[PDB]
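These notes concern the structure reproduced below.
Just so it is clear, none of the values below were taken in a lab; they were calculated from the coordinates. Cβ coordinates were reconstructed from backbone atoms using ideal geometry, including for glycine residues, and neighbour counts include every protein chain displayed.
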Amino acid sequence: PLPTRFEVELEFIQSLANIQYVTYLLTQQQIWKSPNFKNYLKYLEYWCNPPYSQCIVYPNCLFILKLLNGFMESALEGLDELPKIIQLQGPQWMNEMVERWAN
Amino acid sequence: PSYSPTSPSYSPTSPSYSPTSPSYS
Amino acid sequence: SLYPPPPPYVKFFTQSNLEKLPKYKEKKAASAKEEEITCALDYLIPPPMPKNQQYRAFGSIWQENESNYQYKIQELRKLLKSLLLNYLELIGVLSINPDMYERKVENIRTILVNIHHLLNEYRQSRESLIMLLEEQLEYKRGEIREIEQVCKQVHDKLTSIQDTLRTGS
Amino acid sequence: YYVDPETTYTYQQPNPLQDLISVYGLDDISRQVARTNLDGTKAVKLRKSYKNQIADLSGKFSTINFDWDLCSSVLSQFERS
Amino acid sequence: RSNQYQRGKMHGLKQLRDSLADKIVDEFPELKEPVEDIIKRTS
């Protein structure tokens with residue numbers, strides 16, 4: 001059967017955690033140029049509250065989209081540095097996610 | 001001899017532009 | 001391609017759609033007093049939770065003060081004893097008539113499998129909560145007690161100094 | 001749990017522990033071609049193939065629808081020529 | 001050679017299960033009764 005929009009949006013959110021997916025998406029000009037994609041990104045922000053957050057599979061993308069949120073006022077430029085910066089800042093970002101959830 | 005060697009100008013931060021497309025079977 | 005295309009509705013919502021969303025939802029609520037897609041602005045309306053409270057994905061289904069266990073213990077002990085006994089009987093089978101040894105092997109595994117079932121009801125998150133509870137509780141008690149110890153020793157030193165200066169008067 | 005008194009396993013027959021050669025009185029041929037005699041001495045010289053079974057016959061084995069009358073007549077005519 | 005291997009492994013297995021039965025009786029007397037039946041199930 002045809003999946004509902006819940007399933008596709010949740011799978012998109014969980015796939016946003018992949019660094020390769022983010023690099024590919026930012027590689028194309030019209031994806032960042034079009035305001036539709038960033039409008040959808042800001043629309044996706046409302047999943048950080050329960051009970052929606054209970055349905056997530058990988059919490060890392062929760063910050064990544066938020067990090068992607070920062071990308072709208074930080075610039076495309078910085079795309080090259082994305083894998084290095086995520087690899088370097090994985091420890092502290094995981095720690096802050098744990099502080100947000102595990103405590 | 002050699003007046004001066006070249007400074008290492010590596011750019012690992014370069015993201016590269018390899019096209020990926022034939023992944024689906 | 002390797003990367004699936006973005007969702008289609010993503011491209012429908014511009015800044016104008018975002019700013020006209022309030023009047024659109026007001027009109028929709030006034031009119032209202034699977035959702036059919038009659039207008040391009042319908043998706044921004046929050047999707048409704050399914051009544052069955054279930055979600056299917058990849059062939060799998062998904063959906064208070066912490067915010068006879070002796071029967072299970074004795075069942076586990078007797079199951080372990082029976083498992084050892086059946087292991088002995090199976091190795092004896094291997095000794096004398098190994099040709100039919102498998103006839104018991106899977107049987108023993110079933111008991112082992114039952115052991116896994118016996119773990120399922122015993123599943124431990126509350127126990128982890130308890131252990132974290134006592135570790136931070138004892139850590140904060142240690143910090144507190146060293147605080148009053150150090151302030152009390154400072155006060156004792158101050159009193160001793162006061163006595164010393166009074167004696168020198 | 002699996003202890004079933006109704007499930008009884010019988011001894012495998014024949015028992016490998018016993019002398020399986022003598023179970024069916026099968027010692028004659030084994031003694032005939034035994035590696036060594038009762039005293040341990042070599043009985044006969046041992047080799048590989050069937051050649052020595054034909055040595056008694058005359059010869060030098062160094063290296064190891066149809067009308068019969070018509071064929072015989074043809075051979076006779078060929079030899080007489 | 002195969003027959004000697006069979007006999008030696010049979011003797012080894014027999015001593016294995018004899019010792020295992022003896023010790024299971026020793027440290028676990030309550031399971032002593034089935035163990036003998038196990039022998040009756042095997043022998």
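Given segment C:49-169, what count of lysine pairs have C-alpha atoms under 24 Å apart, with each pair 8 or more places apart or on different chains?
Taking segment C:49-169 as the scope, the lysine pair count is 4.
Measure nothing but the geometry: give the 0 to 90° angle between the long axis through the Cα atoms of E:2-27 and the longest principal axis through the Cα atoms of chain E, rounded to 10°.
Relative to chain E, helix E:2-27 is tipped by roughly 10 degrees.
Mind checking which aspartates and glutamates have their C-alpha under 17 Å from residue C:28, skipping anything on the same chain fewer than 8 residues away?
C:19, C:36, C:42
Check the straight Cα-Cα distances from residue C:23 and name the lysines below 17 Å, setting aside those fewer than 8 residues away within the same chain.
C:33
When N is the residue count of chain C, what does its C-alpha Rg come to as a fraction of 2.2 N^0.38 Å?
So chain C has a normalised radius of gyration of 2.26.
For chain D, build the charge dipole from Cβ charges (+1 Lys, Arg; -1 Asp, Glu) around the Cα centre, then report which of D:59, D:3, D:46 sits farthest towards its positive end.
So the residue furthest toward the plus end is D:59.
At q = 0.10, 0.13, 0.23, 0.26 Å⁻¹, what log₁₀ I(q)/I(0) does segment A:3-86 have when each alpha carbon counts as one equal point scatterer in the Debye sum?
-0.24, -0.41, -1.27, -1.55
Please report, in debye to the nearest 20, how large the charge dipole of the protein assembly as shown is about its Cα centre when each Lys and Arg carries +1 at its beta carbon and each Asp and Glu carries -1 there.
Taking the Cα centre of the protein assembly as shown as origin, the dipole is about 840 debye.
Residue by residue through segment C:156-167, which ³J(HN,Hα) values in whole Hz follow from phi under the Karplus form 6.51 cos²θ - 1.76 cosθ + 1.60 (θ = phi - 60°), with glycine and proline marked x?
In residue order, the calculated couplings are 5, 4, 4, 5, 4, 5, 4, 5, 5, 6, 5, 5 Hz.
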